[PDB]
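Novice: The structure follows.
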Amino acid sequence: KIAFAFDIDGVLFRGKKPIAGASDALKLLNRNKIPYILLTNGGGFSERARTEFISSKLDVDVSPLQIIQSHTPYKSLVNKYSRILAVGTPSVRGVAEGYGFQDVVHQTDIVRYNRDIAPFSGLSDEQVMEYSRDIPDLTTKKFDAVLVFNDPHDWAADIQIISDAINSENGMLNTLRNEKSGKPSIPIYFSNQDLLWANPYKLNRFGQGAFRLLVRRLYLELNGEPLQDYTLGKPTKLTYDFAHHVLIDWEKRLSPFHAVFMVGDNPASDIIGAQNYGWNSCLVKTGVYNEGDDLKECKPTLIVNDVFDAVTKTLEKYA
Amino acid sequence: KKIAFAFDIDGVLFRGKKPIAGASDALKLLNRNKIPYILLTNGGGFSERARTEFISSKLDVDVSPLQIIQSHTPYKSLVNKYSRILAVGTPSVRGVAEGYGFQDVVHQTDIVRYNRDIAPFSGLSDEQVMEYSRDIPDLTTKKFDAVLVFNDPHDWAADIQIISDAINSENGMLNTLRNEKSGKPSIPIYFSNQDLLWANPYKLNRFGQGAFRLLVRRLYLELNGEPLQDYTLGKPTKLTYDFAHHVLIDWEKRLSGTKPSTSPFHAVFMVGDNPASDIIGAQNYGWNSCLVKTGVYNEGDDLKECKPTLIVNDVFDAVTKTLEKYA
Ligand SMILES: [Mg+2]
Ligand SMILES: [Mg+2]
Ligand SMILES: [Mg+2]
């Protein structure tokens, strides 16, 4: 009994385009009745909307119950925080609402309220109108946490607005505390520490890990203490435990494994994540990693060209 | 030549587009008394002419384009040094750079237009790409010679990605990545303002180009394991104060037609809102200073090593109290 956990970016897709072999890889598992999940540090859309897109592109039925995205574990926080600043692309508002967050504010809602809060926002008037909403108690009800769902697309605004929140007086908009501290005014969560990721471009691009480093750098500058943030996403144990539960529930719904193989392109997320958790791993060369790159101390079970190689070589050798 | 003033703009004369109460009156007071002044700002984006036209209209005084130093004004000295520059800032900085004489100006939005996948987290709308960017001859086949940050750009995920690409490239060629790690960037990079904070219309101080610089530097360190060797101008740098001193000298000569740092004046008073730029800059250069409370500085904030000559409420108090004591 083996199962697979596939990364998406640099393994199944580059952007919206499938990698050759990705469709065949999943079709092969389905023929053989081998369970799989998708475990991605990407996000932005609902689990349903994302799996609908992947299903269409790869010509397989991927269930919303087979996927863990960066933000999926934020379901665990819905009873902890009444009002959240949900940072990400505009779609993350709906995702957070769907999880059951009581009071969701998107960062663009603050830009709508007062453009002078974010002097270097690139939002056009049309983008403000489309992306944001009027929040009538934006200034009178405190924020309880900042949750970064995915990489937002207006960083001078996004970073300013996050900084305002984590240096505020107890989460109240338009306030600035006097006290310097490593503990932010309200808690802040990052869902992906990937410095780099693989999109259609030939060179690795910065991801949410890079965004996090930037937020942290300015927090340190203002406070003289490092930020006490929360982190999820691969390689964190929290995300692997979450994925493990999704996989167990999926395996039951198909109806515990001798081995789980993480298939990834990034040593620093996928491979270390699996290795720390006790999962096996197959490092592909179609994304962040190029053969010759420093593996440091991760030790992938197999190193292979692409996802179809990962599945076929793993099955031949281990199933 | 008893005295001249050098005024900061943001948090001293203006908050955003709105004059601070007394700002117009302060300049009119100097002009009635034939006391010369310059404007020395770490802001920028538009030409010295366009900027002084706007300020003139809003303060109802005649400010000459020869009376202003903006963050990027000293980039005039670099025009024969670097053929192709990545001119980073708001779209208006393309025209400012071209106006200065740079041979081959590329704006960061030109690279986003060339390939959107370079900047996956760009916020540019299609309409903004059409408005801001240009097709650039030989974008992919001619090296970039430097990155010059003119002012704060307004799409930082793209801006930071694109700057990082340049300073880690194979000798400035787009679409490349060098093999080696070093403190020395692939091509030189200049920042024109190290202001962590600045004062706009909002009541809380907002991050400025100094913050942007710290972000670029952080990701450079992450990729290279060595701190970035950059060039920095703007207040409080000696380069910028020297440049401003020469603009003042030239302006006084024009009008007319001591210490080394104030020549030909007995005293030069910097009027600023930011201890970390205006005050320490003036102090290190040899100028006197007035610190106002209408911008970044709040009463009781720690002044660290800065010792302003006077601390006052606003720009009109700065002028009136300085003239009383020092004129
Ligand atoms: Mg990946
Ligand atoms: Mg935009
Ligand atoms: Mg100022």
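Novice: When only alpha-carbon atoms count, how far does the range B:185-288 stretch along each of its three principal axes, as whole angstroms with the largest first?
Specialist: That works out to 54, 37, 22 Å along the principal axes.
Novice: Add +1 for every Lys or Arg and -1 for every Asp or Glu among the other residues with Cβ under 11 Å from the Cβ of A:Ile37, and state the total. List each step's numbers first, then the result.
Specialist: Working: positive: none; negative: A:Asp7, A:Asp249, A:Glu251.
My count for the surroundings of A:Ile37 gives -3.
Novice: Hey, got the average number of other protein chain Cβ atoms within 10 angstrom for residues in A:208-216?
Specialist: That works out to 4 on average.
Novice: What is the sum of charges around B:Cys306, taking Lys and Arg as +1, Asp and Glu as -1, for the other residues whose C-beta is under 13 Å from the C-beta of B:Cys306? Display every interim value, and only then the final one.
Specialist: Working: positive: B:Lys235, B:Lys304, B:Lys307; negative: B:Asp273, B:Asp278, B:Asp301, B:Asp302, B:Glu305.
Around B:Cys306, the surrounding residues sum to -2.
Novice: Count charges around A:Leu220 for me, please; just the other residues with Cβ under 15 Å from its Cβ, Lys/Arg as +1, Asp/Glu as -1.
Specialist: Values: positive: A:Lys180, A:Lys183, A:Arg212, A:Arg216, A:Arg217, B:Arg213, B:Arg217, B:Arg218; negative: A:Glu221, A:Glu225, A:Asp229, B:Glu222.
In short, +4.
Novice: Counting other beta carbons within 10 Å of each residue's own, what order do A:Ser185, A:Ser70 fall into, fewest first?
Specialist: Numbers: A:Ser185 22, A:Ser70 27.
Listing A:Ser185, A:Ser70 from fewest to most nearby Cβ atoms yields A:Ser185, A:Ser70.
Novice: Straight-line reach only, C-alpha to C-alpha below 17 angstrom: list the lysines that A:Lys1 could link to, leaving out same-chain residues fewer than 8 apart.
Specialist: Reachable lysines: A:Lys33, A:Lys252, A:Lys313, A:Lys317.
Novice: Right, here's the next one. Charges on Cβ only, +1 for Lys and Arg, -1 for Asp and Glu, centred on the Cα centroid of chain B; of B:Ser256, B:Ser192, B:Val106, which one is farthest towards the dipole's positive end?
Specialist: Final value for the positive-end residue is B:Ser256.
Novice: On to the next question. Roughly how large, in nm² to one decimal, is the mean projection of the convex hull of the alpha-carbon atoms in the range A:1-154? Walk me through the intermediate numbers first.
Specialist: Working: hull surface 42.6 nm².
So the Cα hull casts an average projection of 10.6 nm².
Novice: Kindly provide the helix-only [θ] at 222 nm of chain B, computed as the sum of -39,500 (n - 2.57) over DSSP H runs of four or more divided by all residues, to the nearest 500 deg cm²/dmol? Walk me through the numbers before you get to the answer.
Specialist: Numbers: 10 runs with 109 residues, N = 327.
Result for chain B, helices only: -10000 deg cm²/dmol.
Novice: By what distance, in whole Å, do the Cα atoms of the range A:70-232 stretch along each of the three principal axes, largest value first?
Specialist: Projected onto the principal axes, the Cα atoms of the range A:70-232 cover 47, 38, 34 Å.
Novice: Find the Rg to Rh ratio for the range A:101-176, where Rh is the Kirkwood radius over alpha-carbon pairs and Rg uses the same atoms.
Specialist: Values: Rg = 11.7 Å, Rh = 12.7 Å.
Checking Rg against Rh, the ratio lands at 0.92.
Novice: Another question, then. Could you order the peptides A:101-107, A:172-178, B:150-156, A:300-306 from most to least packed, using the average number of other C-beta atoms within 10 Å per residue? Working shown, then result.
Specialist: Working: A:101-107: 22.6, A:172-178: 15.7, B:150-156: 27.6, A:300-306: 19.0.
Descending packing order for the listed peptides: B:150-156, A:101-107, A:300-306, A:172-178.
Novice: State the Cα centre-to-centre distance between the range B:122-136 and the range A:272-286 in whole Å.
Specialist: After rounding, the separation between the Cα centres reads 40 Å.
Novice: If the limit is 25 Å between Cα atoms, which of B:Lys142/B:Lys235; A:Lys141/B:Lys304; B:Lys259/B:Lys325; B:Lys2/B:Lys253; A:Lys183/B:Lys181 go over it?
Specialist: Too far apart for the 25 Å limit: B:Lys142/B:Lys235; A:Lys141/B:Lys304; A:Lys183/B:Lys181.
Novice: Shifting gears a bit: Please identify every one of the GluC sites (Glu not before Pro) in the range A:124-226 that sits in a loop by DSSP and has no more than 14 other beta carbons within 10 Å of its own beta carbon.
Specialist: Values: sites: A:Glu126, A:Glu130, A:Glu169, A:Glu179, A:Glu221; in loops: A:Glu179.
The qualifying sites are A:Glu179.
Novice: Here is a follow-up. Can you give me the Rg/Rh ratio for chain B, using Cα atoms for both radii and the Kirkwood formula for Rh? Don't skip to the end; give the middle numbers.
Specialist: Working: Rg = 20.4 Å, Rh = 20.6 Å.
On the Cα set of chain B, Rg over Rh gives 0.99.
Novice: Roughly speaking, what is the centre-to-centre gap between the range B:8-43 and the range A:1-61 when only Cα atoms are used, to the nearest Å?
Specialist: Here the answer is 61 Å between Cα centres.
Novice: If you don't mind, there's one more thing I want to ask. How far apart, in nanometres, would the label points at B:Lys293 and A:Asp137 be if each is projected 7 angstrom from Cα along the Cα-to-Cβ direction?
Specialist: Here the answer is 3.6 nm between the modelled labels.
Novice: If you filter the range B:53-140 for trypsin sites (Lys or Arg not before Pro), then keep DSSP loop positions with at most 15 other Cβ within 10 Å, what is left? Let's see the in-between values first.
Specialist: On the way: sites: B:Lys58, B:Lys76, B:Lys81, B:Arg84, B:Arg94, B:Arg113, B:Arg116, B:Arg134; in loops: B:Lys81, B:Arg134.
Sparse-neighbourhood loop trypsin sites (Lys or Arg not before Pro): B:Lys81, B:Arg134.
Novice: Still on this model: Provide A:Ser255, B:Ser24, B:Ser277 in ascending order of the number of other Cβ atoms located within 10 Å of each residue's Cβ, fewest first. Could the numbers behind the result be given before it?
Specialist: Details: A:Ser255 7, B:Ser24 17, B:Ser277 29.
Fewest-to-most ranking of A:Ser255, B:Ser24, B:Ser277: A:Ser255, B:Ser24, B:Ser277.
Novice: In square nanometres, what is the average projected area of the Cα convex hull of the protein assembly as shown? Don't skip to the end; give the middle numbers.
Specialist: Values: hull surface 117.4 nm².
One quarter of the hull surface, i.e. the mean projection, equals 29.4 nm².
Novice: Shifting gears a bit: In peptide B:148-157, how many Cβ atoms from other protein chains are near each Cβ within 10 Å, on average?
Specialist: Details: counts 0, 0, 0, 1, 3, 3, 9, 9, 13, 14.
Partner-chain Cβ atoms within 10 Å, mean over residues of B:148-157: 5.
Novice: Cross-link candidates for A:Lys234: which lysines have Cα within less than 19 Å, leaving aside residues fewer than 8 places away along the same chain?
Specialist: Filter leaves A:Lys75, A:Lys285, A:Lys296, A:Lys299.
A quick note on method: Cβ atoms are made from the backbone with ideal geometry, for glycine too, and the neighbour counts reach across all protein chains shown. Every number in this text was worked out from the coordinates using simple rules, so none of it is lab data.
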